């Protein structure tokens, strides 16, 4: 009988380990420890992926180049909202589960969001521990 907050925690945790595998994973999580968002850039098609990845399935080639993503350009792509905690208590501040993206970068980050969240809004990263927490002013 686990509720939606724990379910979402579980999904985000499962993903952490998927992203962790390999040298790109290592760059990504090391980057978070330095308050950076690290992506990788395929040299063949120029796509930039977040979280960083070591292979480009579009080109069928290894990716070797890592790039720092401009964290100030994060935006809310889509989200859902959770109004109550897992015991049924109404939250003072609803919790949002958001896909946060960056312009011209493939992928995104599944994050917790709080504030005046709406689609397209700029997101400021408050915590770089996984899963990330962002706010919308």
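Residue numbers count along the first chain shown, from 1.
For the pair 103-111 and 75-83, the mean Cα B-factor is higher in 103-111.
Legend: mean Cα B-factor per stretch from the PDB entry, 41-49 versus 84-92; the higher mean is in 84-92. In this PDB entry, the Cα temperature factor of residue 12 sits in the middle third of its chain's modelled residues.
Compared with the other modelled residues of the chain, the Cα B-factor recorded for residue 69 ranks in the highest third. Looking at the C-alpha B-factors along this chain, the one for residue 124 belongs to the highest third.
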